[PDB]
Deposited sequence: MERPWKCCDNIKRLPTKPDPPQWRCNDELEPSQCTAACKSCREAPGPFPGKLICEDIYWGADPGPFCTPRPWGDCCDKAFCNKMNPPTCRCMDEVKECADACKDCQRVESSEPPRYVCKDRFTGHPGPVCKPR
């Protein structure tokens, strides 16, 4: 269907079980046009991709093994070269990114 928003950070996932998931978007926002009903935009998008973020994350984008912290407010912190938001990139003993930033991790890579 039609994703009722271009980007979204605070992306909530309904507990429901259809395929694909049905998601809701929080985001602070301003009553621009604010969708089909507003309190945030209370319109549920039902699809594979809940949208990209509005502001990138150290993890760059995807991350298959991203540690976490469900509670408030750590909310997690997860290749080759790191990404523009990263900040402590470094190879390791094997061949020739950990960031303090929090927030709901996006999807995985594989």
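Could you spell out the stretches of the deposited sequence that were left without C-alpha coordinates, going in sequence order?
Coordinates drop out over 35-37, 43-52, 92-94, 113-117, 132-133.
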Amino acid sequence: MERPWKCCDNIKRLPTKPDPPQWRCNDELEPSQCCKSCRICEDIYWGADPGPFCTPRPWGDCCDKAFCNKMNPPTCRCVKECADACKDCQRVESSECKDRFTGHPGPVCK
From here on, numbers count along this sequence of modelled residues.
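If you average the Cα B factors in the entry, which is higher, 24-32 or 44-52?
If you average the C-alpha B-factors of 44-52 and of 24-32, the larger mean comes out for 24-32.
Averaging C-alpha B-factors over each stretch, which comes out higher, 5-13 or 84-92?
According to the entry, 84-92 carries the higher average C-alpha B-factor.
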